[PDB]
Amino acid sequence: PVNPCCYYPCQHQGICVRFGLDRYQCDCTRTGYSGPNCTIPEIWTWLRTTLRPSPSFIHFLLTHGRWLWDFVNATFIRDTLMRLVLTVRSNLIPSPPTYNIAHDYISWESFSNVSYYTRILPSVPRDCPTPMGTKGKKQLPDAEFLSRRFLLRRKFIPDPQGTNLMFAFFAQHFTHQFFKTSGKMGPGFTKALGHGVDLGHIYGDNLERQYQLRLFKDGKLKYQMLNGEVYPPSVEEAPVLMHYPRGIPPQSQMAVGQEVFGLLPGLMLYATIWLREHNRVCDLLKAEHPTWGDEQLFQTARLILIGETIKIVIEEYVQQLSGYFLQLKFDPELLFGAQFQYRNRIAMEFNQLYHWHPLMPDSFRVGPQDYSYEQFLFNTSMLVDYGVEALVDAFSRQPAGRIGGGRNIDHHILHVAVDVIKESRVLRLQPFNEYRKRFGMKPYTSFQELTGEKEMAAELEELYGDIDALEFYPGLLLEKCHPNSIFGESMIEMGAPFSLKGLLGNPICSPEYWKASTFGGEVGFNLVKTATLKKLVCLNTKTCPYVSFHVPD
């Protein structure tokens, strides 16, 4: 008997449950629908669904009225929209969390074992006809082929939104605090417990490692002057597990908090920047609170960075990305009147979706010089050689690459993408379409409809045999980009929910914590309330270079 839940009968988030040897029941509870498979809109659901504009349309309004927006921007109408934005979007990620690689059903294990990444949709039953469930071929496209054929960059396509490398890296560094898949435990597990913006990639992810990094004096972090400028310390004082290549484990072999952050100047760069900031906060705090210990100074400064980060990420990172005219804003109080759970837990689909490797260029221009992957990767002096000031200016100036569209992932790293499609399969993630529904969209009716063109499209149909069988990662990256956008529809509609749910779900954002005494003093709060990429740098360097998440000109 074929496991009925293999057809995904239940609609609108209705839970599919096996009853007896061959039947199933949908638990349409609170889905707004009723019926065998939840397809009978309650009175209000019916209204809502007949009045809600297509996402396509909203993205339109949000990217056009360059007059209506400037007005709306200078009025409460902003807070109103922002509050709307958050709620609606954030109301899509189940919390408390639901399933994990081990359980396709609620369980006390799932709730509490923070090691497990969590999923939005159950997984494809280990007994369904096809690998994706019902449609498709008994075999999925060879990820190696599907990769070089559609994801491999031929000619470098830059990002029309003007995104830049200074962003590309920040993106990598930042996301690496919640995404830390434990090789030992395999796919679907994570070292980075905490699931969020806890900067556990600066201060590390275990008390020890933290301590090993902590200079236990003035709540500061350990560091070393090179050329008279401050940099992170090396294992020779900061005796902590790293990943530098077997060659010079002593000097220029720096400890940071994120095990792998030495393998690229970009990461190590930012790493230098944040550490150099933390210690800066301390100086301020310490002057404001002489009678304070070390632990305090440390903890308080940390939170002030969890704030600064959550702010820059929203009012600048997500801004650039969106392309909106609405001026996104970070004000924890906007949700003070809603029903919101301050608690997140990184999802595997969120992980998958965040693999924006095509942002990476062809080479790395740092002034007249023009390093290559060989010269760049694992390099171990570019940072101290060039200097923060100079290296930020260099990244803030070179453009990044379009994330979507298809065929724009440099070859060097093209391997990452192949593993994702490999991993995705191990995890048994449901089909793109299934995830499209889940995030409030319509399933594509054809590859032609998916991809703006016809070539790529036809070739894929020929492979997957059915649009419904298409996969999560390939779809997202093979989907047509919104006009002049960094990427298509599905990336925002699927990403934003995971994104803001995690940004505002941080404890520091709850009413309980969002006080001026949580950042010890009014000086703390204001540091969190007025943060900026520009300040994050120019306040920790001798000189103010050019910096932003978008190229100038």
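A residue's number is simply how far along the shown sequence it sits, counting from 1.
Of 328 to 336 and 221 to 229, the stretch whose C-alpha atoms average the higher B-factor in the entry
Comparing 328 to 336 with 221 to 229, the higher average CA B-factor belongs to 221 to 229.
Per the entry, where is the mean C-alpha temperature factor higher: 288 to 296 or 238 to 246?
It is 238 to 246.
Per the entry's Cα B factor values, which of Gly196, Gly204, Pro187, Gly307 stands out as the maximum?
Result of the comparison over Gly196, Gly204, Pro187, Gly307: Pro187.
Residue with highest C-alpha B-factor in the PDB entry, from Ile314, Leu414, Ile346, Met382:
In this record, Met382 carries the highest C-alpha B-factor of the candidates.
What third of its chain's C-alpha B-factors does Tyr513 belong to: lowest, middle or highest?
According to the entry, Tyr513 has a C-alpha B-factor in the chain's lowest third.
If you rank the chain by CA B-factor, which third does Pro125 end up in: lowest, middle or highest?
Answer is middle: the recorded C-alpha B-factor places it there.
By the record's CA B-factor, is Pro97 among the lowest, middle or highest third of residues in the chain?
Tercile = lowest for this residue's CA B-factor.
Just say lowest, middle or highest third for the CA B-factor of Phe498 relative to the other modelled residues in its chain.
Answer is lowest: the recorded C-alpha B-factor places it there.
Per the entry's values, where does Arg52 land by CA temperature factor relative to the rest of its chain, in the lowest, middle or highest third?
Highest third.
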